[PDB]
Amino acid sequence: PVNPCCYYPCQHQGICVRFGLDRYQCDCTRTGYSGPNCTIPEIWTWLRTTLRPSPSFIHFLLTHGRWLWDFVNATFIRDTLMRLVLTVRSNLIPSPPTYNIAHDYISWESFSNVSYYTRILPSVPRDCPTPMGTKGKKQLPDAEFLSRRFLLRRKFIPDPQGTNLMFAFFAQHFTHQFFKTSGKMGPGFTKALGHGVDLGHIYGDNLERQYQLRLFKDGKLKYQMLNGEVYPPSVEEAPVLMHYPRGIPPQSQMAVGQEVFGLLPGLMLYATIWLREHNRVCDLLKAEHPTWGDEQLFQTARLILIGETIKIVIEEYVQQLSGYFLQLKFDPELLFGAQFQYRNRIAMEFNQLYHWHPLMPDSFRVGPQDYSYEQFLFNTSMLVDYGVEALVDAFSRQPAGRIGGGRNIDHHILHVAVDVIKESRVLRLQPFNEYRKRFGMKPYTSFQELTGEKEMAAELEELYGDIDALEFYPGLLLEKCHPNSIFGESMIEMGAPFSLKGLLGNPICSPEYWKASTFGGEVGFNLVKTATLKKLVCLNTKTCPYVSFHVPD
């Protein structure tokens, strides 16, 4: 027979279940619909559905009333929308989490084995006719081809939104504390337990590595003055694992917390900035609390950074990305009246989606210099050579690149992209269209609709044969972008629900933890309530260069 769940009969998040030898059932519990496949709207849902404006429209309101917005901004209406934006967006991520690479059903194991990345949608049944279930060709497009043909960059297409490189890295740095696929266990597993913003890419992802990094005195972290400025410590004091190439394992071979952070000045840069911050947070605290030991000073300053990060990521990172006129705001109390689980579990689909490699430019301008990938990659003096102030000022000036539209992934890194498309298949993520539904959107009816153009469109059809067959990672990049937007519709509609669920689902954001004593003192609490990119930098330097998630001018 043909495993009925292969057609994806259940709609609106209904659970498909095999019953007997060839039949199935949809569990439409709390889906808002009743019916064999959850297709009959309840009295209200019907109301909801008929009165709900398109995401297309909403994204239009948020990006146009440059007046209605300055006003809505200066009032509570701002908080109302924030509290709205949040709740609604987050209400889409099943929490407690649901499935993993091993189970396409709820299990105690899935719940408790932190190692497993979690999936929003189950996987395409190993017995389904086509690779994607029902429609498509017996073979998905050779990802080697698919890549170079549509994702390989020809002419560097800069991000119309002004995004710069200073953002490009922070983005990379920041995302590598929860995305850490285990080579050993393979796709669908993560070393980054804690699944969130625990800065385990600073303090490391294990007590030992932390200890090996911890200078167990004043709660601070180790480090070394090179040129007079503070930098991370080398393995020769911070005896901990890394990935620096076999060459000078002693000097300029720094320990950070995120094993791979030596392979690019940008990563080590920020890494330095944060460490420089932590110890800075310790200096303040210690003054406020002399009767405090090392353990406290450490943990508390950590929280002050888990805070600061969650604030900058929201009021500055997501802001820039959003392009909204609405001025996002981070105030955990906005949900104290909602039903909101304070727990997160990174998702494989949220992982793929975050592969914004096309951000990375052609070369790397640094004042008059202009390092190439060979020069840049694995370099190890650039950072201490140029100094933080300077290097920051350099990224904050060179633009990043459009992430959507297609064809804008530098060739050097284009390999990554091909592997993502290969893993996605290993994982068996359902069709791009199937994810559109799940994330409150309409399934595309044609490639011509997917893509703004006609070329890539026809050609893709030729390959996938049927729009529904189309894949997750590819569609997400081959999709037409909102005019001037850094990326298309599906990226935000799918990204935000994962992002905000993650940002606010953080324990520190809960009523329980959100007090001034959790940051010991009022001082701690304010450092979180007022963090800035500009402050994370200029408060840990000698001079204040230029820094922002967008190019000046």
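Quick note: we count residues from 1 along the sequence shown, nothing fancier.
Visitor: Please work out which of 248-256 and 407-415 has the higher mean CA B-factor as recorded in the PDB entry.
Guide: Mean CA B-factor is higher for 248-256.
Visitor: Quick one: higher average CA temperature factor, 441-449 or 427-435?
Guide: Between 427-435 and 441-449, it is 441-449.
Visitor: By the CA temperature factor listed in this entry, which of these ranks top: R52, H59, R30, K501?
Guide: Highest C-alpha B-factor among the listed options: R52.
Visitor: Based on what the PDB entry reports, which of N113, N206, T98, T87 has the top C-alpha B-factor?
Guide: Among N113, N206, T98, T87, the PDB entry lists the largest C-alpha B-factor for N206.
Visitor: Thinking about Cα B factors across the chain, which third does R18 belong to?
Guide: It falls in the bottom third of the chain.
Visitor: Compare the C-alpha B factor of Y513 with those of the other modelled residues in its chain, then answer lowest, middle or highest third.
Guide: As the PDB entry reports it, the C-alpha B-factor of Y513 lands in the middle third of its chain.
Visitor: Place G488 in the lowest, middle or highest third of its chain's C-alpha B-factors, as listed in the PDB entry.
Guide: Middle third of the chain for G488's C-alpha B-factor.
Visitor: Sorting the chain's CA B-factors, does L47 end up in the lowest, middle or highest third?
Guide: Ranked within chain, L47 CA B lands in the lowest tercile.
Visitor: What third of its chain's C-alpha B-factors does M360 belong to: lowest, middle or highest?
Guide: Its C-alpha B-factor, which the entry lists for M360, ranks in the highest third among residues of this chain.
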